[PDB]
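Q:
Protein chains: 2
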Amino acid sequence: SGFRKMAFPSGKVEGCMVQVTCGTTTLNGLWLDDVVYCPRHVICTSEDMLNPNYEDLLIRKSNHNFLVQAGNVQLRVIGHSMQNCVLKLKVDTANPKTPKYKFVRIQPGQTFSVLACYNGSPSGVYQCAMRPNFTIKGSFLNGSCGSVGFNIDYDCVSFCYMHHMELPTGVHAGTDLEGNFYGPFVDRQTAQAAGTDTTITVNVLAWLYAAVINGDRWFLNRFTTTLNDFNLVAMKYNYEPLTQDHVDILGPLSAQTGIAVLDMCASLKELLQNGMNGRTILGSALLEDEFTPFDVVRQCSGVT
Amino acid sequence: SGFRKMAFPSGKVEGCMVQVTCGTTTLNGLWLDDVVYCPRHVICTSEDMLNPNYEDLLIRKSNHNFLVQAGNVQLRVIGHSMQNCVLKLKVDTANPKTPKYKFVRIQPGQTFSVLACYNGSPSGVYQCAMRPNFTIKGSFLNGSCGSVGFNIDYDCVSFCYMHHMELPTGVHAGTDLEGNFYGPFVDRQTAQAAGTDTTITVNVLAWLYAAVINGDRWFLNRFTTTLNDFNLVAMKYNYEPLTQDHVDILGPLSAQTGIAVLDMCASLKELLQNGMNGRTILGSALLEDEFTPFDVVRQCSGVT
Ligand SMILES: *CC(=O)NCc1ccc2c(c1)OCO2
Ligand SMILES: *CC(=O)NCc1ccc2c(c1)OCO2
Numbered sequence: 001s002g003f004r005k006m007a008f009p010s011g012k013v014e015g016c017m018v019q020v021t022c023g024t025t026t027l028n029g030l031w032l033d034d035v036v037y038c039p040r041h042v043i044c045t046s047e048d049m050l051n052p053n054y055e056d057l058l059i060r061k062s063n064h065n066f067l068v069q070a071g072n073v074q075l076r077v078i079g080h081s082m083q084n085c086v087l088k089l090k091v092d093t094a095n096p097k098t099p100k101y102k103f104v105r106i107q108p109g110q111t112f113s114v115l116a117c118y119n120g121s122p123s124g125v126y127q128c129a130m131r132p133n134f135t136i137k138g139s140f141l142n143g144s145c146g147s148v149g150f151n152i153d154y155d156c157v158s159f160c161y162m163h164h165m166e167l168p169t170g171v172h173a174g175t176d177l178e179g180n181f182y183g184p185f186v187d188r189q190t191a192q193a194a195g196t197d198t199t200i201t202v203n204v205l206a207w208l209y210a211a212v213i214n215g216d217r218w219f220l221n222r223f224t225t226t227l228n229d230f231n232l233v234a235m236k237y238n239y240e241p242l243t244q245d246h247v248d249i250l251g252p253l254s255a256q257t258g259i260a261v262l263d264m265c266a267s268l269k270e271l272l273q274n275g276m277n278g279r280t281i282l283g284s285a286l287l288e289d290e291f292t293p294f295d296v297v298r299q300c301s302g303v304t
Numbered sequence: 001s002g003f004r005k006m007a008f009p010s011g012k013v014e015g016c017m018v019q020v021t022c023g024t025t026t027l028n029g030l031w032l033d034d035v036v037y038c039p040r041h042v043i044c045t046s047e048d049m050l051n052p053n054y055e056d057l058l059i060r061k062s063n064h065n066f067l068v069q070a071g072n073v074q075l076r077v078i079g080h081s082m083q084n085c086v087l088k089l090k091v092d093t094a095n096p097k098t099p100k101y102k103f104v105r106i107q108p109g110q111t112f113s114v115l116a117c118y119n120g121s122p123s124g125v126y127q128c129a130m131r132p133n134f135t136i137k138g139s140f141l142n143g144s145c146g147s148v149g150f151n152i153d154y155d156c157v158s159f160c161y162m163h164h165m166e167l168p169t170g171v172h173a174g175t176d177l178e179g180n181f182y183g184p185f186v187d188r189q190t191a192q193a194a195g196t197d198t199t200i201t202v203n204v205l206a207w208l209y210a211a212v213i214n215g216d217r218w219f220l221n222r223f224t225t226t227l228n229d230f231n232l233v234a235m236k237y238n239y240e241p242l243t244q245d246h247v248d249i250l251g252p253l254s255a256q257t258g259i260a261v262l263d264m265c266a267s268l269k270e271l272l273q274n275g276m277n278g279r280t281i282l283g284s285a286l287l288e289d290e291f292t293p294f295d296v297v298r299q300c301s302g303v304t
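Taken in sequence, the protein lines are chains S and Y. Per this note's numbering, the very first residue in the first sequence carries number 1; after that it's consecutive. Per this note's numbering, the very first residue in the second sequence carries number 1; after that it's consecutive.
1. Kindly give me the distance between the Cβ atoms of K88/S and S158/S, rounded to whole angstroms, as I take these residues to be in contact under 8 angstroms.
2. Where are the beta strand (DSSP E) runs, 3 residues long or more, that stay fully inside the segment 53-78 of chain S, in chain order?
3. At 8 angstroms on the CB atoms, spell out the chain Y contacts of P9/S, in chain order.
4. Would you say the segment 203-221 of chain S touches the segment 266-282 of chain S, given that touching needs at least three Cβ pairs under 8 angstroms?
5. Of all the residues that make up the segment 155-174 of chain Y, which are near chain S by a beta-carbon distance shorter than 8 angstroms?
6. Counting only C-beta atoms, is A255/S closer than 8 angstroms to chain Y at any point?
7. So, using beta-carbon positions, are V35/Y and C22/Y closer together than 8 angstroms?
8. Does at least one heavy atom of ligand 4 sit under 7 angstroms from the Cβ of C145/Y?
9. Bridge partners of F103/Y, per DSSP?
10. Determine, using beta carbons only, whether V296/S and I259/S come nearer to each other than 8 angstroms.
11. Against chain Y, with Cβ distances strictly below 8 angstroms, would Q244/S count as a contact?
12. In chain order, what residues of the same chain have a beta carbon less than 6 angstroms from the beta carbon of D197/Y, not counting five sequence neighbours either side?
13. Count the other C-beta atoms from every protein chain shown that fall within 10 angstroms of the C-beta of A70/Y, then say buried if there are 16 or more, exposed otherwise.
14. Answer with yes or no whether the minimum CB distance from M130/S to chain Y is below 8 angstroms.
15. Have a look at the DSSP bridge pairing and note the partners of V36/Y.
16. Beta carbon of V186/Y, beta carbon of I249/Y: below 8 angstroms?
17. Considering only residues of the same chain and omitting the five flanking positions on each side of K61/S, which have a CB-CB separation below 6 angstroms?
18. Please report the distance separating the alpha-carbon of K100/Y from that of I152/Y.
19. For the structure I just gave you, are there three or more beta carbon pairs, one from the segment 5-19 of chain S and one from the segment 9-22 of chain Y, closer than 8 angstroms?
20. Could you tell me whether any Cβ in chain Y is nearer than 8 angstroms to the Cβ of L58/S?
21. Just how far apart, CA to CA, sit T190/Y and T257/Y?
22. Based on DSSP bridge pairs, tell me the residues matched to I281/Y.
23. In this structure, how does DSSP classify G251/Y when only helix, strand and coil are distinguished?
24. Between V104/Y and the rest of its own chain, which residues show a CB-CB distance below 6 angstroms, the 5 nearest in sequence each way excluded?
25. Please state the DSSP three-state secondary structure of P108/Y.
26. For ligand 1, I want to know if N151/Y counts as a neighbour, meaning its beta carbon is within less than 7 angstroms of at least one of the ligand's heavy atoms.
27. Below 8 angstroms between beta carbons: does that hold for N28/Y and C117/Y?
28. Check each candidate in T24/Y, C145/Y, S113/Y and name the one with the smallest Cα separation from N65/Y.
29. Kindly indicate the opening and closing residues of the alpha helix (DSSP H) around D289/Y.
30. Going by other Cβ atoms of all chains shown within 10 Å of its Cβ, with 16 needed for buried, is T45/S buried or exposed?
31. Where does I59/Y land, buried or exposed, given buried means 16+ other C-beta within 10 angstroms?
32. Please compile the residues from chain Y whose C-beta is within a distance smaller than 8 angstroms of the C-beta of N214/S.
33. Mapping the DSSP letters down to three states, classify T175/S as helix, strand or coil.
34. Is the closest heavy atom of ligand 2 to the C-beta of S46/Y under 7 angstroms?
35. With a threshold of 8 angstroms between beta-carbons, can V303/S be considered close to chain B, or not?
36. Please report the residue range of the alpha helix (DSSP H) in which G11/S lies.
And the structure:
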């Protein structure tokens, strides 16, 4: 019993983190097979960042300008290319600790673990969600760029995020491992404002199910609702609309707890309208939206 | 910028987790050097758990009754002993992935990472605190016993916790790696009630400092207080008393932010008396007490 914001075990990803230096810029790279993936802004001065032309900056860079260190051993760079906003550095050594892996572009609402790294060295691991405005609310200091977000399916690491920048509001933007930013962000030190950070309704519902499973039931009410009625309330409260796809995804939690999805919706409706009245659910005074239905099933069933 | 509940990277501990089976009971063990440490209740039936005599139960057990599996390879058990509430299984192979390690008994308020494991396989990692009533609020299902709590100092894992049981209230109790329970708990399926789960005041203050550092300042007020005045309010609100030792520990955060500890105390006082008024601090609607001053310095400075 009990329900915790839980990251994936980080060992498989720890074994992939390296330091990438280009001139005076040091950040993290991800070493998979004989390729080191890192943010392309490794080639920039903080001056360059104001208005970088990456193709033009990259012309001035040779393989030997990319210093790649894995532990305290230097890797030989034998090729480099830009793919969108990441550099792929070909090295002469396959990472012997390469896990089975995929590159996946996640949808907003999807959760993943971040292994925060500095100089290629893991400092910590935490659980994040792709916000509906395609930001994440991370913990990233200067040097943390190239830290990666990931999910694990048994023995396969799906890399979904690489850290690139902090917006002036101190929320985070980055790319998939093909170098494509989540959302409209660019790797340039310019005014970039996030859109509305809406609540991930399907994640809140999952977490309400997690609460019932773990004995926190005080918020269960006598009401039901409809998707349309619920959605009017959701919209008013900057919650994402709930679709029948979301209702389908919650089916197993519905079945386990015997609480119809639309009944749990009506409970959430009353919580939005009435607030918590100083009460907590699973030790939180606000409605947690950084657990997916899959996350709740995983943690409640003990998947390894 | 940003501040996350952050666990230590788990790789060093993942490399130590094994499955221990005695008859029909399977749980996790920690393999360090040629010793596998696991909860002594591995020898119990759920019937035994009602009133176990462990010395008497252990007489019926030989080395070959302890089945130790590391990945999908069996370790040979060549000795076993009971130390308090843990078994030490001597194996003929030193764990080749043994990190530098210590066994440490932590104080209440102290935070650590848990690597939740089932059948010796890591499922997840989360950050905990030893509650002032010597419980922890974990996420543990049947099979999770022998999962360990730890801190990392650069390359040295300090193991502080091994999971043993869930109280009827669904909070958790366990031992240090010498097998001594935190608090008054016993490895017996009997009524065991926790004492008052008070708030770890020094941890709240650290986290208020973390909030100021990361730009959340709305709660800073125009007041100061004294340790005695603050403590009267703290006591009333089931907060632990603040000592001069706590004030000393917060000194560096005080210095970094230019906010005197007693001023931050007066801010916390007003938050207790006035509540959050629907506002959040670092994305929380309640005052977080599971970051130590050391945790706040570490995450705010990016230690690896
Ligand atoms: C996010 C990141 O690490 N990018 C590279 C970088 C940015 C700013 C900065 C440093 C590195 O070092 C000091 O300041
Ligand atoms: C906490 C733990 O894993 N202890 C051993 C154990 C207790 C209950 C239980 C099982 C193992 O398997 C099923 O139920």
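Note that the Cβ used here is the ideal one computed from N, Cα and C, for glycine as well.
A: Checking against the coordinates, here is how it stands:
1. About 18 angstroms separates the Cβ atoms of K88/S and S158/S, ruling out a contact at the 8 angstroms cut-off.
2. Along the length of the segment 53-78 of chain S, whole beta strand (DSSP E) runs at least 3 residues long occupy 66-70, 73-75, reported in chain order.
3. Within 8 angstroms Cβ-Cβ: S10, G11, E14, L115, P122, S123, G124, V125.
4. Flag = yes, the segment 203-221 of chain S and the segment 266-282 of chain S touch.
5. Under the 8 angstroms Cβ criterion, the segment 155-174 of chain Y contributes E166, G170, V171, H172.
6. So, not an interface residue.
7. With contacts defined as CB atoms closer than 8 angstroms, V35/Y and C22/Y fail to qualify as a contacting pair.
8. With respect to ligand 4, the structure shown offers nothing to examine, as its ligands consist of ligand 1 and ligand 2.
9. Bridge partners of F103/Y: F159/Y.
10. Not closer than 8 angstroms, so no.
11. No, no contact with chain Y.
12. When the five nearest sequence neighbours on each side are left out, the beta carbons in the same chain lying within less than 6 angstroms of the beta carbon of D197/Y are those of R131, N133, in order along the chain.
13. Under this definition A70/Y is a buried residue.
14. It does not: the Cβ of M130/S has no partner Cβ on chain Y nearer than 8 angstroms.
15. Per DSSP, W31/Y, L89/Y.
16. Their beta carbons are not under 8 angstroms apart, which means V186/Y does not touch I249/Y by this criterion.
17. Here the set comprises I43.
18. For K100/Y and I152/Y, the distance between alpha carbons rounds to 10 angstroms.
19. Taking one beta carbon from each stretch, the segment 5-19 of chain S and the segment 9-22 of chain Y have 3 or more pairs nearer than 8 angstroms; the two touch.
20. Output row for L58/S: interface = no.
21. C-alpha separation (whole angstroms): 48 angstroms.
22. In DSSP, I281/Y forms a bridge with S284/Y.
23. Three-state DSSP puts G251/Y in a helix.
24. Cβ-Cβ distances below 6 angstroms link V104/Y to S158, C160 in the same chain, with the five nearest sequence neighbours on each side left out; the list follows chain order.
25. In the structure shown, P108/Y sits in coil (DSSP, three-state: anything other than H, G, I, E or B).
26. Distances between the C-beta of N151/Y and the heavy atoms of ligand 1 are all 7 angstroms or more.
27. Between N28/Y and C117/Y, the C-beta gap is smaller than 8 angstroms, which places the two residues in contact.
28. Comparing Cα positions, the closest option is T24/Y.
29. Counting along the chain, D289/Y sits inside no alpha helix (DSSP H), nor does DSSP assign it H or E at all.
30. Exposed.
31. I59/Y should be labelled exposed.
32. Ordered by position in chain Y, the residues that pass the 8 angstroms Cβ test against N214/S are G170.
33. It is a strand residue.
34. Remark: the C-beta of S46/Y is in contact range of ligand 2, defined as less than 7 angstroms to any heavy atom.
35. Absence of chain B from the displayed structure is noted, the protein chains being S and Y.
36. 11-14 is the span of the alpha helix (DSSP H), which, as asked, contains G11/S.
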